[PDB]
Amino acid sequence: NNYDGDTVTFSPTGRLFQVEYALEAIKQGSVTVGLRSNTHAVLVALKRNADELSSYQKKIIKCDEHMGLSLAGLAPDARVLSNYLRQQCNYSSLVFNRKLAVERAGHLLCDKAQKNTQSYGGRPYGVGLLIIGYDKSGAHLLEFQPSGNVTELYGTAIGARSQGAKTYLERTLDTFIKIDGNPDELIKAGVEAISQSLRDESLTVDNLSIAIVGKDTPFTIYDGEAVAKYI
Amino acid sequence: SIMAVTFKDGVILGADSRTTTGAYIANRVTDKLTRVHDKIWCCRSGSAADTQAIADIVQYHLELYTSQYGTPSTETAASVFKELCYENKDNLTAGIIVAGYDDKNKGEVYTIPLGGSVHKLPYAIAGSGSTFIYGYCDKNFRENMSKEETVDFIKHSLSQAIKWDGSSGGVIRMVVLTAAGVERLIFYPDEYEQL
Amino acid sequence: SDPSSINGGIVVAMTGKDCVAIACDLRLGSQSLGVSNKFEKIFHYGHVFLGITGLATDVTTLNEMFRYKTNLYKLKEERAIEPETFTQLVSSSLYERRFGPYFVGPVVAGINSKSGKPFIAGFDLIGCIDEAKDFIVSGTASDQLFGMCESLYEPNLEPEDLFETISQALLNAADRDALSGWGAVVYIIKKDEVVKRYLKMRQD
Amino acid sequence: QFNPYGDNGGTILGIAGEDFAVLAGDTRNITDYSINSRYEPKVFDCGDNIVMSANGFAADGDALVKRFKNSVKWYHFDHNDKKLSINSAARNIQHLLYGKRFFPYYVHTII
Amino acid sequence: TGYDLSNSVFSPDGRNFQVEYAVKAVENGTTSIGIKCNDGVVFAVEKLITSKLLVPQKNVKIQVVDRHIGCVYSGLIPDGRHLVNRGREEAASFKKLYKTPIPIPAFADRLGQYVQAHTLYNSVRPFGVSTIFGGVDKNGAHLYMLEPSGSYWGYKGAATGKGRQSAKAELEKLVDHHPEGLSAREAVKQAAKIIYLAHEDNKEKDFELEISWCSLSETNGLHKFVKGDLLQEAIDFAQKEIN
Amino acid sequence: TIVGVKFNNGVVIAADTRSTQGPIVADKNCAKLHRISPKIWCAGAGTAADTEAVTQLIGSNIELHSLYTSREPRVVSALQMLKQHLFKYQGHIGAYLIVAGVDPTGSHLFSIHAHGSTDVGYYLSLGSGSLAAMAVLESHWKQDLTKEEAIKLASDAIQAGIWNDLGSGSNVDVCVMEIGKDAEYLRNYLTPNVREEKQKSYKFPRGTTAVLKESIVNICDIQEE
Amino acid sequence: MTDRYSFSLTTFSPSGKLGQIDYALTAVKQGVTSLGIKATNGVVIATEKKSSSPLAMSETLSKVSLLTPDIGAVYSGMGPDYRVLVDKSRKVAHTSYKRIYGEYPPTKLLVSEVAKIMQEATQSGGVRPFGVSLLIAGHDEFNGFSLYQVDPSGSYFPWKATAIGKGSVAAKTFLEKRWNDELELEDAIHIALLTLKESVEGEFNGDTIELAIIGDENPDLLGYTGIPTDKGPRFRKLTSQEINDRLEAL
Amino acid sequence: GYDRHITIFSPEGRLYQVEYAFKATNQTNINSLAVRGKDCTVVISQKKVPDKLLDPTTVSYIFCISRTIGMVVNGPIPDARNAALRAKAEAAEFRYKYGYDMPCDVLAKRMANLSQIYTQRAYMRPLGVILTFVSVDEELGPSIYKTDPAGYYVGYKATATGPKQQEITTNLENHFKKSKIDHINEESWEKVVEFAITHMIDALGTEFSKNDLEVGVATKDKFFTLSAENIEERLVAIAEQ
Amino acid sequence: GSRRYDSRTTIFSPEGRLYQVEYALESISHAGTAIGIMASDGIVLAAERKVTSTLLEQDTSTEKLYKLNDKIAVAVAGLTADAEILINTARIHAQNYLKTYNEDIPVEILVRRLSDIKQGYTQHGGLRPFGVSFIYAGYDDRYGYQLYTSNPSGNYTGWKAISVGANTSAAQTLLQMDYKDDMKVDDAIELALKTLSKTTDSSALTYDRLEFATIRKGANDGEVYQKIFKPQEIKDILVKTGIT
Ligand SMILES: [Cl-]
Ligand SMILES: [Cl-]
Ligand SMILES: [Mg+2]
Ligand SMILES: [Mg+2]
Ligand SMILES: [Mg+2]
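Residue numbers (the authors' numbering), protein chains in the order written: chain E, 3 to 233; chain N, 2 to 196; chain I, 1 to 204; chain L, 1 to 111; chain F, 2 to 244; chain H, 2 to 226; chain A, 1 to 250; chain G, 2 to 242; chain B, 1 to 244.
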């Protein structure tokens with residue numbers, strides 16, 4: 003109200019409204035789902051088009067051979083943050099000959115987003131990210147919020163109507179975690195999860211975007227007729 | 002010719018008093034035993050300007066350390082010396098021996114040669130005249146000596162260093178560091194030359 | 001190579017009875033080559049006179065600089081600068097270039113307008129003040145000038161006698177220097193009149 | 001005085017065929033009259049069907065190869081996984097080398 | 002009015018309302034505690050299980066500074082991380098210059114001065130965390146708690162977050178019933194109990210217990226997380242006491 | 002040749018008055034005794050512009066410091082400020098100083114070299130004539146000197162330099178700083194090198210020099226009306 | 001952090017007023033009375049030592065300050081602002097003059113430098129004006145004795161005599177009747193004490209009054225002998241006893 | 002009404018942020034007192050540990066700035082420690098640059114100038130503290146110098162600070178009206194501390210245990226704080242006469 | 001943050017005016033009137049000191065007329081402290097030009113430089129403008145005698161006769177009425193004083209309430225002399241013209 007003019011101002015109840023408004027931009031964004039087993043981690047993203055003449059906005063970005071994310075909210079902010087991850091993954095390789103841990107990648111994102119919430123002049127990031135990866139401790143899935151909060155999860159979903167997919171994963175928890183050494187079944191579970199967030203529209207060939215990373219699987223994105231198999 | 006020797010009750014620092022510009026003795030009563038803290042002193046060798054500037058900066062750091070965190074260790078003092086000597090090694094010519102007394106750690110001696118490296122030792126010798134007494138000091142040093150024995154060890158050792166090194170001479174100054182306090186000693190030519 | 005002896009030249013100043021005198025040669029050269037016989041080395045800012053020997057570009061530059069500074073001094077102070085004060089200004093200005101100095105040998109001369117006391121001073125290229133009672137010398141024939149001044153000079157000379165002494169000091173010193181000569185000027189300075197005389201000398 | 005350069009020896013050879021190419025190099029690494037390693041790989045697969053070797057001062061050679069491999073990685077990121085053509089790689093390497101024109105990579109590079 | 006719209010502005014009371022609003026963010030957070038024992042300290046924290054999808058034991062909240070200091074906090078988690086990152090820089094530069102690891106009181110002021118600096122200007126926001134931290138140094142064990150204002154004191158026991166009143170009451174009993182002191186292993190057990198008792202204020206969702214400790218005898222004066230059997234032993238002791 | 006000598010109730014410094022550029026004497030009556038503050042004086046050897054400039058700077062800052070602290074300046078303050086300045090410039094500021102003075106702490110005597118090293122003593126000497134001077138000081142100095150004895154010793158040490166060192170000459174300048182008293186600056190305390198009368202007068206007959214042109218120089222400002 | 005106030009805090013209002021300067025002058029009005037009187041052979045500056053507590057040692061607080069050996073200053077308004085101005089005024093006398101010309105600045109030029117500092121606080125970013133008015137008395141060889149007032153705006157005016165602060169309006173009227181161009185220094189001190197008594201409520205003695213003069217050179221206060229041209233400071237602060245002696249002949 | 006938010010003049014010529022910083026000074030509800038002996042300067046301050054969970058040894062508003070200078074603070078602890086750290090740094094720098102120990106009055110002035118800057122510069126807020134510096138100066142002898150958020154400072158014969166400063170001030174005023182001297186005519190510092198505590202008891206009207214007080218003593222060449230047992234010995238002597 | 005307290009000194013009004021410049025001009029309209037009159041054989045500068053006192057030391061006082069160099073002078077209207085900042089800058093600029101080209105600075109070039117500085121404060125920096133209006137009286141060998149004025153906007157214009165400060169509307173009408181092109185300095189002196197005498201808010205125009213100056217080629221042969229009038233000289237010219 004009087005305390006939402008900038009990010010440097012707490013409200014009387016201890017709230018940061020600019021951060022909460024940035025969080026709101028994610029809810030307006032298109033749905034995206036993340037889930038993993040012990041061998042593989044999968045991203046599924048519903049891409050959004052402007053109209054019938056337009057292309058479908060890309061939702062998934064590769065960060066390294068073993069790591070990448072999906073976005074929901076301001077796409078340019080996801081480009082900035084994904085670029086930062088690419089550099090950090092790359093610094094780890096060049097200097098330490100070491101693939102960046104997914105947990106440490108989350109810690110770096112948290113700290114980068116945090117600086118924008120405590121300083122005058124800047125603004126919080128207006129995007130949410132779902133980071134998947136496979137490192138020395140197996141498969142991982144992270145959920146990034148631009149408040150700074152990063153959370154390691156078995157599965158999750160962010161964006162508009164993401165609550166439907168999140169409930170489904172909460173039921174299916176015991177099933178999909180056990181899908182080891184079977185990428186196609188893990189993707190199926192992700193495609194079935196994101197389907198719980200659909201209304202009116204359905205998953206078409208240029209609508210659906212899927213990514214996967216695992217034990218002997220580099221981070222690869224599937225679009226177009228490559229995802230027709232799963233429709 | 003400078004040295005610091007640990008013993009039963011603590012540590013003793015010793016030094017000559019000669020400062021030279023070539024073969025001219027610019028100062029024959031120099032005090033090369035300098036105080037960076039109540040019971041942390043140092044022996045200075047090399048550039049008089051460099052070693053003074055360093056010691057002054059260290060004294061400032063340990064005074065500020067004390068105001069915030071209480072009495073510093075001798076190891077801490079040596080680390081401050083090292084940091085200055087190591088990081089400014091291209092522009093400095095300083096060979097410093099740090100010696101101090103804690104109640105917990107008792108007498109300790111750290112030597113910091115040209116490079117900026119640190120070496121914790123039972124006793125240390127340095128300066129141009131130290132070369133001539135490596136043999137003597139190694140043969141005659143014992144651990145846990147008495148105060149009187151340690152004074153004699155330093156007195157005899159520096160006497161020889163003075164005898165052979167033209168860069169060394171004058172009086173033998175010593176500083177005793179124990180739980181009892183801080184004692185200054187001086188020994189004149191007529192005394193130590195006849196040894 | 002040596003900046004102080006590329007262009008050549010000399011300046012000498014003397015005190016007399018209620019008067020001062022400052023003189024200089026007119027030569028400017030490029031080592032052996034004589035280039036100009038009208039290169040005056042004495043300048044004045046109000047009633048304070050400044051002679052400058054050494055590298056000619058710096059002589060010109062400093063003159064322009066002290067004109068700059070004395071003009072501002074006068075606007076703010078609402079009075080002309082005095083010799084004693086100007087001397088300190090010259091020293092200050094030179095020492096600020098301690099490790100990149102102007103290659104010059106300045107010489108201040110003048111009479112204090114309030115006390116009437118005659119004043120001369122010399123400097124090295126970096127600001128050290130030589131405030132002599134008798135005389136000041138500067139330039140490539142400074143050794144020669146020292147010998148001439150030390151033997152010819154006597155205190156409390158009248159203006160018209162002082163002229164002869166300083167003129168002969170300069171002339172005979174310049175004639176023993178390859179890089180000095182090609183003309184000469186002498187300023188005779190009294191509390192409220194200044195006479196400038198060009199000397200006839202050998203042009204080799 | 002500190003000499004930032006050294007000579008690690010070795011020799012490399014590239015030959016272009018009609019529909020193939022080879023890049024060869026010995027595996028010996030040396031300083032002065034001593035052998036450092038009898039097997040120290042010198043020719044590398046940099047991705048996109050490009051092979052590279054920077055012979056001379058091994059520290060500069062390893063640095064350059066490492067930086068070019070990096071350039072290939074970022075070329076994929078920035079230009080939608082497009083394949084880096086050999087002619088484009090060559091021009092990119094010119095800029096890597098000339099970037100240090102006044103403190104050179106002391107190497108003879110071949111791709 | 003308008004005195005609460007800008008940081009570093011004194012109200013007519015002499016108060017900084019922005020710092021007081023930061024406290025509200027701390028009070029909104031989960032419960033965290035600290036217990037000073039005979040030869041060390043024990044830290045514990047309540048981790049709310051928002052969903053079944055949270056991976057157990059992965060979202061670690063307690064942070065280590067250097068190798069001998071533990072830090073835990075309640076409120077805005079990113080703000081706490083930022084503070085710990087600074088703490089690690091402060092500890093590194095101290096050890097770099099002085100060789101010895103940073104003493105706990107010395108470390109406490111480094112955080113204190115930094116947090117206090119964020120109450121001096123309107124171009125920055127105060128920290129939305131109260132941090133409980135401490136460890137073992139040459140002078141023994143030390144426990145501290147640091148507020149958004151930069152205020153900190155030494156503590157026998159400390160607690161912050163939504164269940165701080167409940168926790169404080171429990172800590173006060175331990176101080177009264179153990180004047181001679183509490184052992185490290187006892188403190189871990191008691192820490193587990195207190196978090197379980199303090200969970201009544203956050204009783205809607207279930208939680209995960211996380212404990213750490215520094216002890217001269219039990220951990221050689223190094224910070225370590227309580228894991229496996231020792232953690233389960235503390236959970237069992239805690240569950241027995243609530244029933 | 003510059004010296005400093007401690008005595009009963011204070012300290013005295015002294016210096017010669019010769020300045021040289023190579024083998025030439027630039028000034029025969031140079032003032033090498035500088036005032037840092039009313040009761041802190043220093044003598045300088047080495048590069049003339051540097052001893053002057055570094056003394057003035059520290060003297061300026063000492064004055065401002067004395068005004069800031071409402072206290073009379075201390076010799077250790079001037080000593081510390083000088084040495085840190087000189088050290089910073091790595092000996093390139095060729096100032097070799099003997100600093101002395103009295104303050105609320107007592108009477109003090111120090112030397113300073115160009116690289117920034119300081120020394121304490123009861124008697125000190127610096128410059129090209131320091132060896133001639135120190136020889137005199139080492140021969141005649143004793144503990145518990147009076148004011149009159151110290152001045153004598155100091156000037157004798159300078160004379161040794163004047164006569165035996167070619168870099169030194171002309172006159173002896175002295176400054177006495179006694180505790181609880183005004184510092185007395187004795188310019189040209191001794192004058193043992195007056196030039197003898199010349200055999201001849203070299204005053205010329207008027208009109209001896211040949212003139213080409215004459216003109217009045219306008220030194221006055223632009224006039225009214 | 002960083003000083004993000006790079007904009008002016010003093011600005012013109014629709015009426016053409018510079019509010020912060022006006023308000024600074026209001027702060028000066030509330031301040032204790034101080035005055036200055038110029039004689040033929042000297043200048044006197046005076047003020048009341050308004051002690052905040054009887055436990056406070058008012059000798060440690062100097063309202064009248066030496067700037068150079070021949071220049072002194074007194075104020076009305078905010079003491080802390082005055083204290084820092086004196087520090088800067090003393091330093092600028094060296095950096096912008098003495099280190100250049102080898103002599104102390106003349107009164108008018110030092111005043112000009114102080115004025116400049118106060119003007120800048122009236123226009124620069126993120127600062128308020130100084131809440132003081134200064135009275136600077138001094139002497140120099142070519143201008144003789146002088147007395148200047150310096151306001152928060154940076155404006156300065158030379159005065160024969162004046163007063164600032166609490167009872168300035170009444171005090172200036174009192175000075176207009178008494179002042180003439182033939183006053184000796186002792187007569188000016190006498191008039192200063194008379195004028196200052198009107199604005200003082202409580203105790204009126206050497207311990208509650210601070211008074212200094214710019215007069216003859218004081219070789220006794222120089223600290224050294226041996227240089228004829230150096231004759232000692234013209235600034236001298238009168239002692240508690242010296243004031244009381246003149247209060248008996250009041 | 003933004004003239005009340007930053008340090009600019011109000012129409013009355015007042016700085017409201019400075020005035021409100023003075024009010025923050027009494028937020029701790031602690032009273033301090035400082036007096037001078039012949040050879041010493043004593044400072045006492047109320048110690049209140051309201052929470053049983055607190056380590057009472059770490060609760061302190063008296064600071065050892067340098068070997069010679071001690072400082073007690075009236076105000077919130079964060080601003081207190083801010084001022085303490087700066088004063089320590091300034092004292093150390095002074096000794097390094099000028100070759101002698103920073104006097105108490107000079108440090109007070111320096112901190113007062115820093116406080117003045119916050120009243121003039123907008124981006125910096127005043128510190129809500131009153132700093133009382135004590136020492137036995139090598140030139141001026143026993144010294145008490147106090148600084149406030151306005152940038153004002155002055156030397157004192159004795160002084161008091163806190164909510165009930167006026168009661169203590171008048172009590173001290175009345176004593177010095179009797180004795181007609183600028184100090185406590187006493188040889189040992191022990192008896193000067195006893196005087197300080199006695200007159201605080203009389204002024205406030207409250208009795209003190211060993212844990213209710215905090216004492217700092219300045220002697221020649223050192224400043225030190227008394228332990229609880231040192232204070233207890235002091236309280237016993239007071240009660241026995 | 002800090003934005004809250006920013007007055008924004010360098011912005012346009014909806015009407016396209018610069019607020020702070022307009023308000024600075026309002027400030028200047030209360031300042032003592034200054035008049036410049038250019039003649040064929042010289043320039044006159046006359047200015048009124050603001051409500052003075054009998055205890056003001058007039059002979060050492062300067063609030064209106066300032067010397068920039070030997071050829072150029074200025075009359076000030078507005079904040080004196082602001083004016084001195086600009087005056088010292090102008091003095092330096094003239095000296096820079098002299099050092100660079102070894103010729104005295106042309107009047108317009110100096111005027112343009114100061115006017116450009118004023119302009120800068122209205123377009124960037126976020127600082128308040130200088131509350132000062134100048135009348136520049138100067139001479140050079142290109143255009144001869146010149147009068148200019150500059151104001152806080154940084155706009156400058158040339159004049160035959162001009163006033164700034166208080167009552168400029170009334171003053172400019174009186175100058176426009178009696179000014180002629182073939183006028184001389186002595187006539188211009190009289191016009192300036194007569195105009196001030198009628199436009200003044202004071203009861204009577206006296207020597208102690210005036211600053212006066214002339215720039216004349218009335219210097220011995222082809223050169224220019226500046227004359228800042230002394231109090232006694234202002235008193236004499238007031239009697240001569242028949243005002244007192
Ligand atoms: Cl040494
Ligand atoms: Cl300061
Ligand atoms: Mg020998
Ligand atoms: Mg010739
Ligand atoms: Mg402020």
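Built from N, CA and C at the ideal position, the CB exists for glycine as well.
Determine whether the Cβ of residue i lies closer than 8 Å to any Cβ atom of chain H.
| i | result |
| --- | --- |
| residue 1 of chain G | As shown, chain G starts at 2 and ends at 242. That puts residue 1 of chain G outside it, with no answer to give. |
Find out if the Cβ-Cβ distance for the pair residue i, residue j is shorter than 8 Å.
| i | j | result |
| --- | --- | --- |
| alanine 235 of chain F | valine 189 of chain F | yes |
| residue 271 of chain H | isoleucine 59 of chain H | Limits of chain H in this structure are 2 at one end and 226 at the other, which puts residue 271 of chain H out of reach. |
| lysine 48 of chain F | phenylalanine 238 of chain F | no |
Is there a Cβ of chain B sitting closer than 8 Å to that of residue i, yes or no?
| i | result |
| --- | --- |
| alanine 73 of chain A | no |
| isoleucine 217 of chain H | no |
For chain I, find out if any of its Cβ atoms is closer than 8 Å to the Cβ of residue i; answer yes or no.
| i | result |
| --- | --- |
| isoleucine 209 of chain A | no |
| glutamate 53 of chain H | yes |
Answer with yes or no whether the minimum CB distance from residue i to chain A is below 8 Å.
| i | result |
| --- | --- |
| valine 116 of chain F | no |
| request: Considering only heavy atoms of ligand 4, list every residue whose Cβ is less than 6 Å from one of them, following chain order. | output: The set of residues with any CB-heavy atom separation to ligand 4 below 6 Å comprises, in chain order, I:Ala174, I:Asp175, I:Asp177, I:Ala178, I:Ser180, I:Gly181.
| field | Segment contact, 8 Å Cβ cut-off, at least three pairs: the stretch 198–211 of chain E with the stretch 117–135 of chain N | value | Inter-segment contact for the stretch 198–211 of chain E and the stretch 117–135 of chain N is absent: fewer than three beta-carbon pairs are separated by less than 8 Å.
| request: State whether the stretch 27–46 of chain H contacts the stretch 43–63 of chain A, with contact taken as three or more CB pairs (one from each stretch) at a distance under 8 Å. | output: The stretch 27–46 of chain H and the stretch 43–63 of chain A do not touch, with fewer than 3 CB-CB distances between them shorter than 8 Å.
| said: Would you call the stretch 49–62 of chain E in contact with the stretch 111–124 of chain E, where contact means no fewer than 3 C-beta pairs closer than 8 Å? | reply: With fewer than three CB-CB distances shorter than 8 Å, the stretch 49–62 of chain E does not count as touching the stretch 111–124 of chain E.
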